[PDB]
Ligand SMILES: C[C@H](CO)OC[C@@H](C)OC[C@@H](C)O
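The chain below stands alone, shown as structure tokens; this is the form solved without the ligand.
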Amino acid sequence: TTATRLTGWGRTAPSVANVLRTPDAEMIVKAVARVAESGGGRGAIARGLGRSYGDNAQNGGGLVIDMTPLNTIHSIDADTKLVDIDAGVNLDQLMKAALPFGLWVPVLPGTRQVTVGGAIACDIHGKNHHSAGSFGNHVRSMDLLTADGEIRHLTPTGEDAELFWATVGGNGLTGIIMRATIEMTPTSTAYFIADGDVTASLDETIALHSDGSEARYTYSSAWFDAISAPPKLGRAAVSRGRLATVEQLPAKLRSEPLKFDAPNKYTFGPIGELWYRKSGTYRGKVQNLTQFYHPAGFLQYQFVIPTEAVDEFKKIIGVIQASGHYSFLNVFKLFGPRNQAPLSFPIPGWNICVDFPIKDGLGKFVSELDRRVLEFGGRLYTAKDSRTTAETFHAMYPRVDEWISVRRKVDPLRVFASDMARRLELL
């Protein structure tokens, strides 16, 4: 163990905790079982690759278990479509291993550098949520080290389904995931057929997302403008598509379908708008995973607003543009059907990712966004959150009492605690 000053991805809210780095799973149990012997506050929390901007992976004055050295891939089956990996396997290595099997990772996020454990405990969502769902929708099994010292096999529709769905999106507060079984998406190739569209306004962006085009694509997301004033506010470059098949690939890349090949004055004028429009408009473009998907002093803010709340979603975008806080990196998506995890972030609706530069009055401004998001029936993402209040969060997640009841039953001693847990009063 080493006392380290660790952080979320946001470089924010430093906390000092004793970190454990061991590949011995049995060793991991000893420390957890030792903490219950200490029978006191400052519990233990698991940690993946620290890609969450929040304080969900730190436990100040407590214990942190870095799960990254448990990166053994046990089995991959192309017939069953099942992989079996330890919770410290990252999604980049898992993808690499599975492509030769004709398999694809069911849910991939913006970054590839996330653990299986991290992917489950934040129930990560991706460019394909509307066609595939969250990461938890694909976990066919997982083994969880609970507070009692026991390791419990968990299943989605099994007898222990309650504790399963509480661990899905449960920010590691149910226990430490050790090993999981994930059903993969079958794939003919490692390429994408891509379809591109450019919009001129927020209305035209929303129109395209509710006209029915979404049905044609399994993957969908868009870069959007949040600086320009109406009507240009909300204009977007949309990138949509699906996993390609061999026959769809050009013959020169038919060789190895499952290969992962390694990587003015007009601009603002009417011709610039026209040039950008045609260059952003394309049909059936064959692309790499890099080309399609993965092309400190900031604060990333992510919220979703229920689908039917179209106008109140348009209102909050107008607010952000009006506030004088300028965000350039903006991701727009329309989530499909939510799952049955109480603490799951995604619900069907209008997902926004904004990235604000830290400056005077931002903390207070985003507290006013928290207010509107909550008011318009939406929620925030624990993975992105470092500074919302417990009260605001509890109201955003109506099933929070349902989740806490599970966590109280499985971990009454409060063996598993984190900075977030205390902040959002989930213990």
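Rigid core: the largest C-alpha set superposing within 1.5 Å between the two forms. Shifts are known only where both forms have a C-alpha. For every residue, the number given is its place in the sequence shown, counted from 1.
In what follows, reference is made to the form deposited with the ligand bound, a form of this protein that is not presented.
Enquirer: Just to confirm the contact call: exactly one of 200-208, 96-104, 218-226, 156-164 touches the ligand in the entry with it bound at a 4.5 Å heavy atom cutoff, so which is it?
Expert: Residues of 218-226 come within 4.5 Å of the partner.
Enquirer: So the ligand isn't shown here. In the entry with it bound, which residue out of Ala190, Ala309, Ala132, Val331 has a non-hydrogen atom within 4.5 Å of it?
Expert: None of the other options qualify; the answer is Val331.
Enquirer: Looking at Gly297, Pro295, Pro270, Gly212, which is the one with a non-hydrogen atom within 4.5 Å of the ligand in the entry with it bound?
Expert: If I apply the 4.5 Å criterion carefully, the residue I get is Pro295.
Enquirer: Check whether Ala237 has any heavy atom within 4.5 Å of a heavy atom of the ligand in the entry with it bound, and answer yes or no.
Expert: Yes, contact at 4.5 Å.
Enquirer: I need the moving stretches between the shown form and the other one: superpose on the rigid core, then report runs of 3+ consecutive residues where each CA shifts by 2 Å or more, in sequence order.
Expert: After core superposition, the one displaced run is 264-266.
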